There are 2 protein chains.
Amino acid sequence: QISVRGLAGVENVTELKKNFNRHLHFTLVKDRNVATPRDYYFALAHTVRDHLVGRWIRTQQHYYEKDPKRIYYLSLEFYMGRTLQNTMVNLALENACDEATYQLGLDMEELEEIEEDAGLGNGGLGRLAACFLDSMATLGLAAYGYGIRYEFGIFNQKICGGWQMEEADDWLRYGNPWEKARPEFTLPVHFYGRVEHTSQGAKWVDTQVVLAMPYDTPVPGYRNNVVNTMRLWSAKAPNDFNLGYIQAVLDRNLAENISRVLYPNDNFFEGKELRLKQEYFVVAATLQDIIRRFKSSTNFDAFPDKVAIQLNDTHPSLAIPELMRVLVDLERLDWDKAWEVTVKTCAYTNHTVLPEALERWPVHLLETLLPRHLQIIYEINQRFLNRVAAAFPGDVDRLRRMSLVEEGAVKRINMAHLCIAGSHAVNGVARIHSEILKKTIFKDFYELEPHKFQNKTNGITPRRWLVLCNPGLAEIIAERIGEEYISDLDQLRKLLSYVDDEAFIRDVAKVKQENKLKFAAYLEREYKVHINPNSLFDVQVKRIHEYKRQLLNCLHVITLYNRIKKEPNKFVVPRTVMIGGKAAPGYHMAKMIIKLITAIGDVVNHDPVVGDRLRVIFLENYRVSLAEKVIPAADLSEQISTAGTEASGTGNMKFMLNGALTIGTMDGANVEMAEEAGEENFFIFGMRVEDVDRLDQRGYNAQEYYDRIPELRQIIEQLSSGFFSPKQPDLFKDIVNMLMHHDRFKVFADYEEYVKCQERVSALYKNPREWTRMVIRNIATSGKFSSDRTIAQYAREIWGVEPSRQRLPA
Amino acid sequence: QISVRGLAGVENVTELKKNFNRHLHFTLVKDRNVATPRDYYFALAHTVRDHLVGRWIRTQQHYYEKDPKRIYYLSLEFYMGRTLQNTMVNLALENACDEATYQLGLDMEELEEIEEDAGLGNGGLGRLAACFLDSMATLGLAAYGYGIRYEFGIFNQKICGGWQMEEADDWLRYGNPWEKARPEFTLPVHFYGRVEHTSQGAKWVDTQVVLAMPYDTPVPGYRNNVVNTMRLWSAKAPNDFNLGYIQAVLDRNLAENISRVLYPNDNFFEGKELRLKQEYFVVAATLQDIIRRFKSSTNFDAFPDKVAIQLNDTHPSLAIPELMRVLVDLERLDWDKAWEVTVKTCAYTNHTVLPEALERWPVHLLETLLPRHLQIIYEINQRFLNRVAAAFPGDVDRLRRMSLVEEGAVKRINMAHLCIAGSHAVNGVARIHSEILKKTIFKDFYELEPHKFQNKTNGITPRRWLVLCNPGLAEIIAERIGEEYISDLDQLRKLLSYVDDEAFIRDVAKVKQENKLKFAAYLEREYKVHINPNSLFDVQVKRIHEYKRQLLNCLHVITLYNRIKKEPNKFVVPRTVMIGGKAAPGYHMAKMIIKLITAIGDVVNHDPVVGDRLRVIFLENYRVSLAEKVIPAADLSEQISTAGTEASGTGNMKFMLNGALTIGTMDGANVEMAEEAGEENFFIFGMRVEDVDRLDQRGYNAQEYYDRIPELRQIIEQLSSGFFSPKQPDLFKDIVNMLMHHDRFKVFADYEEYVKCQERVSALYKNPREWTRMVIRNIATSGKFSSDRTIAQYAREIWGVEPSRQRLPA
Ligand SMILES: N[C@@H]1[C@@H](O)[C@H](O)[C@@H](CO)O[C@H]1c1nc(-c2ccc3ccccc3c2)n[nH]1
Ligand SMILES: N[C@@H]1[C@@H](O)[C@H](O)[C@@H](CO)O[C@H]1c1nc(-c2ccc3ccccc3c2)n[nH]1
Ligand SMILES: *Cc1c(COP(=O)(O)O)cnc(C)c1O
Ligand SMILES: *Cc1c(COP(=O)(O)O)cnc(C)c1O
C-alpha cells in the first residue's frame, strides 16, 4: 500500500506464501487448524530469515577475500528490540510480506506484536550500540558487535498499587529464530589461578576454566545486501567440571551464571564480582576470536592496520591488559612493542561524568580473580606515571590524581584512567560533554595528550526511528523529496522550502493526529485507560533517575492541577502528561518517584472539576518496542536534566525526528539540536552549565526558593501533609526531604523558568498552523543526528576506514 | 547396495540431495567450503526429519478422529541411543540416503558416528522402554511415552590408571534436531504447601510452582507410516519466581534442577529429595496432559475405556495418588468411584526382586513435599487393610506385612505395595521372575487378588537389534526367507530347514567373521589396542553389579591364565575376553571390579608366554551405540547372574539374535531362551533357584570351596599377595574379603561348574561347522524375544486394545 515499504511483485508474493506454508509444516510441525498466532509469527520469522542467509554468507565471504580493516565494537549492552520489521525494512520486503500474509488472511501488524524485545541493555548506552550496528552495516564497514548473550534482559516492569514490581525477562522461553548457535567456536576463558615466573617469563596457572560459546545474529544493512554479525557469548561449564556426582553436575550452574542476567543499573556502578566476571568473560573470548581472525590474513606490527577495537565505556576496559597479556605472555613480544600495538588498536568512548557511574574496582577483587591483569595494570601505571613525571617535573599532586591506582581505605583501579592511558583516541558523546571532559574530569590527561581527545556527537538510526516506527511521516516526506534521505538524513533540509506549503502543513499535522489516535487506542486496549486525543501529548520517557528530573515534571503537573482548582472555569490547553521508565531495583528514590507519579495520577485523573483537561499517565514497562509507539505520538518532548549531567541523550533526537517540539535545558545534545533548528524553534529554559557552577560556589539553598515562590510552597505543603497519599500521610517524606536539604540536581532552581516556558508551549499549541511550522523546522534540521553521520565520523577520525554506500551483489 | 535397505530411486536420490544442500545453506548457514563433518551430519539429520513430519501430523490427526483408547507409558528412563539410522530404516530411506550422500562425496557411515546417544537411562529398564516405543508404533497403537528431558544423561565413562572417572554427558551441547519444543503446553506442577479442609473438601494451598515444558520426539513405526510421540518434560521457573534482584534470578536454578540430571544407579534405590521431585514432576504434568486430552473426546466412567496408564516399575507410582487427588479434590467424584477409575486405568510392571532396589520413601519426606498425597496414601492403606482383614480374619501378621506403611525406626511408604493396591494388573518380566513374585515377594497380594498377577516376558526390537546393527545377517536371512520376518520375528523358524544347507552355513559364518574384522579395527582406530580376530569373542556387556558376577568371569579368566603358565606349550582355543559396563558413581565394590578387570588385563596382555592366546579387554563407555557394534561381533554371550537375581535380562536376547552362543545360568529370560532353542543348544551351568535356596538354609560357607578347589585357592592367593597389583600389594583386600565372608551372590558355589562348562564351549569352537549349526539353531528360535510379541501381549491382556499391522496412507 505505501511506497517506502518497497515492491509487492507477483513472484515475490507467491514465493513468500509458498515458504510461509513450508516453514509452518516443516519447521513448526503444525497444520493450519491448530496454529496459534505465535506459530504464524514464527513461520513469517523463518521466511524473512531465509532472505538474509545468502547475503550473510556472501558478506562474510567478501571480507575474507577483500581483507579490509576489521572494527570490533565491544559493549556489555546491545539494546536490540524486535528484529522482524527491521529486517523487512532493510531488505525492502515490507510490502510483499504484508501482501503475502494478507492473502493467507493473516494481519502482519498483529504477528509483529508477538515478537519479544531483545532487551539486552538498560537504556541509552545499549541502544546506541544497536543504532551503531545498523549504521556500520549500512555504511559497508567490516564490523562485528561483541557482547554477552544474557539469558535474562532488562526486567519486565509491573505496577502494583502504583509501585514497581520486577519480573524476570525470559525472552528466550520460545526460542530466538534470529540467532545461530556456533558451538564449534567455543573458546576457554580463565579465572583465579596465580602467577609463576620462569626464565621464559610470567605464566598464569591453576585457573578455573569457563567456556564461551558464541551465538551469531545477522545485522542487515539498509538495502545494500551487506549483512554483518553480532556475536554474543554464552557461558558453559567444561565437562570434567567439578568431576558427590549429582552435586558436581548441579554445580555447573556456578560457571554458567556468568551469562545468566543483565545488571539493571543505568548510569550507576555496583562493584560485584559476578559483574567483573562478566567483563572479563566478554573481553577474553572476543580477543581470542579477534586474534584468530587476524592470523588468517609472526607479525603484530600490522595488527593495528587490520584491527580497531572500540570500547563502549569502560565496561570492556580489561581488553587493554588482556591484549597486553596475550602479546607479552603468549606471543612473546617485548613490552614496548606490545604497548604500541595495544594503544594503536584501542579507542575509548566515555559516556558519563556522574562520579557514581565511574567504574573503580577494588584491588583485592582483581588480585583473586585476575592476578596477572593486576600485575600488568601496575606495570602500565608505573610507566605512565614516569611519562607524567618527565613532562611535569615536581608536580606531585598531578601524579596522585592521574594514577590508575586510587589510594584510600580500599585501594581501587580507576578503569577510566586505564582507558585513556591505553587508547589512541578518547571521545565524548556530545560537544558540551566532550568539552566538560577536557575541562574537568580529564583535564590532567588532556594536558599530557591533547591529540587523544575528540568529540563524536551521538545519533539514532533513521531506519528504526523513522521508516519503521513512523511509516506515514516517512511517506509524506518521500512524496515531496524522494527516498534517498533514508541513508542520507541531511537531505531533510530540502523540507525547509515546504514550511509555507499549505498541503505539506496539513499532511504533517494529519500524520501526527493519526499516530495520536493509534496510540490512544493502544492505551484503551492493552491497559484499559481513556485519553482525550485532542489534548497535547507531553511525554517524558527514559530511565527513572534523579539527574533526569522527572520530579521537575511532577512539580509542573501539580502546578497545572493547582491552577485549575483555583480558577476552575478558565480555559487551559488540555494535556495528557505521560511519563514512563524503569527504576534500577535497589535505587529507592527512583522507586519513590514512580510512586509519586502514580499517586498524582490517582488524584488528578479522578477530580471531576478537572474534566479531561489534565491527565497523568504512567506508561508501564518502557522498552524499545513501546518507544516505537509513543514517540511518533508525542507533541512535546521533555529533556529536562540539570545542565551538565546528561552526557548526550538520544531520546531527544528520536522525538525531533518524529514531529515533537522539545522543552529542554542546555544539556547534552539538546545544545546541538537547538543550534541546528534555531533557538527560536526550541523551548529552552533553565540554568546553563555556568549557572550551576555559580550556584555550587555560593551553595545551593533550596529553602530560598521555597520562601520566594508561593506556588512552590503550596506543592511542598501538599506533598508533606498527605494530599497525595491520604492513607499514609507521610509516605513522601523522603522526597520532600531530599528536595529541601540534599538535592544534588537543583530541582527548585529551575522550577520558576520551567513553568513559564511550559506556558509558552501551551500558547503555541493554541495555534495549530504555527505549532506545525515549527515542527517542520525541527524535522527539517534533524539530519545531523543520524547515527550514519556519527559512524562516518568514527570511521574517518578514529578507525581509519572509508565508509562506502555501494551495494554488494544480490 | 543391500536389499533390506530399501530402494534408491532416481527421483528420491535427486530429491534427498536437493534438500541436503537446502538445509546446509538455510538451516546450518554454511557453504560447502567451511562445513565440518558435524555440519554434514546435521544437514542429513534435517533432511531425514523432513520425511517424518507429514506422517507425524497425519498420525496425531487420525487419533483425534478415530479416538481409539490411548496408552501412556510412564517411565523415568528412556534409553534411546541414536535416532538417524533408526529413522532411515523405519521409513525405508537407508539406501537412498546412502546413495544421495555418496554422490555429494560424503560417507554416511562416518556422519552417523557424529550423532550423540540419547542416554536418558541406566541400562535394561530404560532400554526396554525404548524398544517398547518402537514396538507400539510398529503395532499401530495410539501410544505416548512420557518422561523427563534430562539435561545430562548417564555419565560418560573414562578409564584412568584402570579406574572409572565420570564426565557429565552434555548430549544437548550441539542441539537435538529430533525434538520439537512445545512451550505452548507448559503446565504447572505444585510442591510443598499444606492441606486445608473446607465444607467443600480438602484443598492443597501455599504450594511452590514449577513449570513443566514439554519436548516432543517422533517415534516412527516400521514402514507403516505411523509416527507416535515421546513427550519429555523440562523444568522451568515461573517469572514472578522469588520476585535482592540478581540473586532472585540466579535462584531460578533451584527449580530447574529438577530436570537437570539422570540418577545413575542401576537396580539400587537412593532416597534423595531431588529424586522424589523428579518422580512427582513427571507424574503431575503427564496426568494433566492425559486428562486434558480425555476432555476433548462430566463423565469419568468412560475414562478407563479411553486411557491405560502403564507404570514402568514404581518410579511413577505417585500417578495413583495423583489420579485420586485430581478426581476427588478437583473433579469432586466421591472416593469409591474415583478408586474404581484409578484401578482400571493403572497397571504396574515390576522389574526386580533385589530388596535394595525397592523404593521405600520416608514419611517425613512425603509429608513436607506432597502432604495431600500422603493423606491419600493413608486413606488408600486403611481401606486396603480393611479388605485384608475381612478376607483373612485374625491374621494380624498379614496386616503388618501387607501395609503400605512400614513401621520401624523411620516410617516408610512401600511404593510397590501402593502399585499392587491401585492397579488392575501386576506383571513380572520373565516367567521365572513372575513365578518368584507370586511365591515370595508378593505371596500375600497374590492370595488376596490372584487375578491381578501376570507374566509378560521382555523382548528387544529387531529393527535396531538386527536390521540396523547387523545389515549383513539381516540380508542373508532375507535372501532365503524374505523381509516379512522383520515385523514378524517368529518367521525366523523357517531357518531350521537350512541348518544342513552348506551355503547357508558358510554365509552365517562369513557375516560373523566380517563383524569381528570390523569391530577389531574399531578397537585399533578409536582406542589404539590390537586383537587377534581369529580368536573366540567372549563378551560380558552390562552394568557392573555384584549379582551380575563379572567377578565369576574374572575367576575364569585368571584360571585360563594359570593353566597357560603351568603348561605353556599346550594347545588352547584363543580367546578375546571383553568385559564392559558402567559402575554407579558411589558403588565402591563395582568400582573395584572395574579396577580388577583392568589389572588382570595389565598382567595378561603383557605376558610373552601368553602370545595372542588370551587377551583381556575392558570396553570403555558401554552405551547403546557401543552395544550396536560389539554385539554383532560376539561369539560367546556371558549371562552369569546367580539364579533368581536377574529379573529378565535383555542383553541375552540381543546376542541370541546376532549369532552368539550363550553360556548362562537358569536365571531370568535365559530359562525361556534355552527352552526355545533346546537345552542342547545352550551352555547351561550352575545352581538352579532351588539350589541357592538349599544353600541359604544350611548357610553359605565360601571357605569350603576355597579348601576343596586348589585352582580356586591359587587365584585367591594371587589376588591377596599382590600378583595383580605389585605396587599396592593389598589393593584387592576388599574383593578377597567379600568373596570369603560376605558374598550375597555365591561366586565360589558356581565356579567349578562354570570352568567345566567354559571347556565345553572351547571344544565346540574347535569345530567351526558345528559351532555354526548351533548358532543357526539359536538365531532360528529367537522369534519369541521380539518386543512385538511382548507388546501384543500387553495390548491384549492388560490394555484391552487390538494391535494392527495395517499402514496409514503415505
Ligand atoms: N546517560 C548517557 C546518555 O546521555 C547518553 O546519551 C548514552 C549514549 O552515549 O549513554 C548514557 C550512559 N549510560 C551509562 C551507563 C549504563 C550502564 C552502566 C552499568 C554499569 C556501570 C556504569 C554504567 C553506565 N553511562 N552513560
Ligand atoms: N535388572 C532388570 C533386568 O533383568 C530387566 O531385564 C530389565 C527390564 O525389565 O530391568 C532391569 C531393572 N532395572 C531396574 C532399576 C533401574 C533404575 C532404578 C533407579 C532407582 C531405583 C530402582 C531402579 C531399578 N530394576 N530392574
Ligand atoms: C532512546 C532510548 C533511551 C535513551 O533515552 P534518553 O532519553 O536519552 O535517556 C532509553 N530507553 C529506550 C527504550 C530508548 O529507545
Ligand atoms: C540391552 C542393554 C542393557 C541391558 O543389558 P543386560 O545384559 O540385560 O543387563 C544395558 N545397557 C545397554 C546399553 C543395552 O543395550
Side-chain angles (χ1 to χ4, degrees), chain A residues 76-77 79 81 117 119 121-131 154 263-270 275 312-315 349-354 356-359 428-430 433 458 460 464-465 540-543 545 547-548 581-582 622-628 631 637 639 641 645-655 667-669, chain B residues 76-77 121-129 263-270 275 312-315 349-354 356-359 428-430 433 458 542-543 545 547-548 641 645-653 667-669:
Chain A
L76 281 261
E77 294 181 31
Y79 206 159
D117 274 38
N122 271 290
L125 173 137
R127 170 74 229 173
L128 187 66
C131 284
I154 185 49
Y263 279 75
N265 308 314
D266 181 85
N267 210 106
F268 181 80
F269 179 62
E270 218 204 296
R275 174 65 173 207
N312 206 19
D313 219 286
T314 63
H315 319 144
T349 302
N350 169 276
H351 299 260
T352 187
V353 289
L354 285 194
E356 73 265 39
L358 286 220
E359 282 193 297
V429 289
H433 172 241
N458 282 349
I460 50 170
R464 181 176 303 269
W465 297 112
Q540 185 181 24
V541 291
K542 44 187 82 257
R543 295 288 301 257
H545 198 304
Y547 77 97
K548 289 162 187 284
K582 288 164 189 185
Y622 185 59
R623 55 199 192 286
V624 167
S625 75
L626 184 56
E628 280 169 9
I631 292 171
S637 168
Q639 307 297 156
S641 57
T645 71
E646 185 80 85
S648 168
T650 52
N652 48 13
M653 306 158 187
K654 291 158 205 185
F655 286 92
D667 201 15
Chain B
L76 281 261
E77 294 181 31
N122 271 290
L125 173 137
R127 170 74 229 173
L128 187 66
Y263 279 75
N265 308 314
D266 181 85
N267 210 106
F268 181 80
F269 179 62
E270 218 204 296
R275 174 65 173 207
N312 206 19
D313 219 286
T314 63
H315 319 144
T349 302
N350 169 276
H351 299 260
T352 187
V353 289
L354 285 194
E356 73 265 39
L358 286 220
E359 282 193 297
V429 289
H433 172 241
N458 282 349
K542 44 187 82 257
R543 295 288 301 257
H545 198 304
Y547 77 97
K548 289 162 187 284
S641 57
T645 71
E646 185 80 85
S648 168
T650 52
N652 48 13
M653 306 158 187
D667 201 15

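These values consider heavy atoms only, across backbone and side chains, with no hydrogens, waters or symmetry-generated copies. Just so we're on the same page: letters track the sequence lines, and every chain starts at 1. When a ligand or atom number is given, it counts from 1 through the structure's own listing order.
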Close approach of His433(A) to ligand 1, heavy atoms, under 4.0 angstrom:
no
Out of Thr645(B), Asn267(B), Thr349(B), the nearest non-hydrogen contact to atom 25 (N) of ligand 2 is supplied by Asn267(B)
In this structure, CZ of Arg464(A) is separated from CZ of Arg127(A) (nearest 0.5 Å) by 5.0 Å
Heavy-atom contact check, 4.0 Å cutoff: does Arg127(A) meet ligand 1? no
Closest to atom 22 (C) of ligand 1 (heavy atoms only, candidates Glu270(A), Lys542(A), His315(A)) is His315(A)
(message) Side chains of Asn458(A) and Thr650(A) only: does a donor on one sit below 3.5 Å from an acceptor on the other?
(response) no
query: Does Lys548(A) offer a backbone N or O that forms a donor-acceptor pair with the side chain of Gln540(A) under 3.5 Å?
result: yes
TODO: Run the contact test for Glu359(A) against ligand 1 with a 4.0 Å cut-off on heavy atoms, strictly below, and give the result.
DONE: no
query: Where do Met653(A) and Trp465(A) land on the side chain to side chain contact (heavy atoms under 4.5 Å, CB included) test, with the steps shown first?
result: CA-CA 9 Å; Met653(A) 306 158 187; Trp465(A) 297 112; over 6 Å; no
Query - N/O donor-acceptor pair under 3.5 Å between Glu359(B) side chain and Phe269(B) backbone - result: no
In ligand 3, the atoms that come under 4.0 Å of a heavy atom of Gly123(A) are 10 (C), 11 (N)
A student checking ligand 3 against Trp465(A) at a 4.0 Å heavy-atom cut-off should list atoms 15 (O)
Honestly, for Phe655(A) the part within reach of ligand 3 (heavy atoms, under 4.0 Å) is neither
Checking heavy atoms under 4.0 Å, the part of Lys654(A) that sits near ligand 3 is side chain
Under 4.0 Å from one or more heavy atoms of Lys542(A), ligand 3 contributes atoms 6 (P), 7 (O), 9 (O)
- request: Quick one: do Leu354(A) and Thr645(A) satisfy side chain to side chain contact (heavy atoms under 4.5 Å, CB included)? Show the steps, please.
  value: CA-CA 7 Å; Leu354(A) 285 194; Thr645(A) 71; 4.3 Å; yes
(message) Geometry only, no angles: is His351(A) polar-contacting ligand 1 at N/O separations under 3.5 Å?
(response) yes
- Query: Cut-off 3.5 Å, side chains only: do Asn267(B) and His351(B) have a donor facing an acceptor?
  - Reply: no
query: Ignoring hydrogens and geometry, is there a side-chain-to-backbone donor-acceptor pair from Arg543(A) to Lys582(A) under 3.5 Å?
result: yes
- [ ] Examine distances only and state if a side-chain atom of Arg275(A) and a backbone atom of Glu270(A) form a donor-acceptor pair shorter than 3.5 Å.
- [x] no
A student checking ligand 3 against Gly649(A) at a 4.0 Å heavy-atom cut-off should list atoms 8 (O)
Separation between CG (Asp117(A)) and CD (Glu628(A)), nearest 0.5 Å, reads 7.5 Å
_Any non-hydrogen side-chain atom of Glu646(B) less than 4.5 Å from a side-chain atom of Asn652(B)?_
no
Counting from 1 in the order shown, the ligand 2 atoms closer than 4.0 Å to a non-hydrogen atom of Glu77(B) are 17 (C)
In ligand 2, the atoms that come under 4.0 Å of a heavy atom of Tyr547(B) are 1 (N)
If you scan protein heavy atoms around atom 5 (C) of ligand 1, the nearest is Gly649(A) N, 3.7 Å
* Looking at ligand 1, does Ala357(A) have a heavy atom less than 4.0 Å from it? -> yes
So for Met653(A) against ligand 1, with non-hydrogen atoms under 4.0 Å, the contacting part is neither
Here the atoms of ligand 3 under 4.0 Å from any heavy atom belonging to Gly124(A) are 4 (C), 10 (C)
Point to revise | Close N or O approach (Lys548(A), ligand 3; < 3.5 Å) | key: yes
heavy-atom search around atom 13 (N) of ligand 1 in the protein gives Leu125(A) CB, 3.5 Å
Self-check item: Heavy-atom side-chain proximity of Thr352(A) to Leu358(A) below 4.5 angstrom
Solution: yes
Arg275(B) heavy atoms within 4.0 Å reach ligand 2 at atoms 19 (C), 20 (C)
Heavy-atom distance under 4.5 Å between the side chains of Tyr263(A) and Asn122(A), does that happen here?
no
Heavy-atom proximity to atom 17 (C) of ligand 1, picking from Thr352(A), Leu128(A), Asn265(A), points to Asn265(A)
Student check: side-chain heavy atoms of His433(B) and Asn350(B) closer than 4.5 Å: yes
Ignoring hydrogens and angles, state whether a donor on the side chain of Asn312(A) or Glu77(A) is under 3.5 Å from an acceptor on the partner side chain. no
Looking at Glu356(B), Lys548(B), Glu646(B), the heavy atom closest to atom 3 (C) of ligand 2 belongs to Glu646(B)
Counting from 1 in the order shown, the ligand 3 atoms closer than 4.0 Å to a non-hydrogen atom of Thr650(A) are 1 (C), 4 (C), 8 (O)
One finds that the ligand 2 atoms under 4.0 Å from a non-hydrogen atom of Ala647(B) are 4 (O)
Looking only at heavy atoms, the pair that brings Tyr79(A) and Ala130(A) closest together is O-CB, 3.5 Å
For ligand 1, which is the ligand I care about here, please tell me if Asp313(A) has any N or O atom under 3.5 Å from one of the ligand's N or O atoms. no
(request) May I ask you to check whether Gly651(A) has an N/O atom sitting below 3.5 Å from an N/O atom of ligand 3? (result) yes
for atom 8 (C) of ligand 1, nearest protein heavy atom and its distance come out as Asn458(A) ND2, 3.3 Å
Smallest heavy-atom separation, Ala669(A) atom then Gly649(A) atom, equals CB-O, 4.4 Å
Counting heavy atoms under 4.0 Å, the part of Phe268(A) that contacts ligand 1 is backbone
